[PDB]
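In: mind folding the following:
(2 chains, ligands or ions: 2)
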Amino acid sequence: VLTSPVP
Amino acid sequence: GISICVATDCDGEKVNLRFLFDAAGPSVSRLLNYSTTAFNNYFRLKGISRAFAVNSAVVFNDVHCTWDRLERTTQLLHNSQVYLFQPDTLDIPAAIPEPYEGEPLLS
Ligand code: NA
Ligand code: NA
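Out: Numbers count the residues shown, from 1 in each chain, chains lettered A, B, ... in the order given. Ligands and ions are numbered 1, 2, ... in the order given. And now the structure:
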């Protein structure tokens, strides 16, 4: 569902 | 009870843990200390020798569909999803999975 964020 | 999920990168794969708190809830610093303990034990379980540490944290905002910097306890609502960045880590975006229970890792 959620994709991990990028900094 | 308030359920907060906390995810992070482990050798390229995303690992997600669920923590259950009283109706009042956690403070950010407490959530970060629990997460650090749990993921260090997880790394040890998987055979990873390096330590886990947080150098940045974000929380997913449902209303705007964005990741916000995690700075205040008022950001920790029920069913929140937190993501912890680490130092010395290549963090490539990938799907965050269903969580394991985080409490067995608290020791
Ligand atoms: Na939220
Ligand atoms: Na980083």
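
In: for chain B, list the residues in contact with ligand 1, please.
Out: Neighbours of ligand 1 within chain B, by Cβ under 5 Å from the ion: B:77, B:80. (C-beta placed from N, C-alpha, C; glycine too.)

In: need the helices for chain B, in chain order.
Out: B:28-45 (DSSP state H).

In: you'd agree residue B:87 is up against residue B:53?
Out: Yes: taking Cβ atoms under 8 Å as the definition, residue B:87 is a contact partner of residue B:53 at 6.4 Å.

In: and residue B:9, how many neighbours does it have?
Out: Here the neighbour count serves as a burial measure; for residue B:9 (other Cβ atoms under 10 Å in any protein chain shown) it reads 19.

In: in the sheet, who's paired with it?
Out: Beta-bridge partners for residue B:9, by DSSP bridges, are residue B:14.

In: mind listing what it touches?
Out: In this structure, residue B:9 makes contact with A:4, B:15, B:86, B:89, B:91, B:92, judged by Cβ atoms under 8 Å, 6 or more residues apart in numbering or on different chains.
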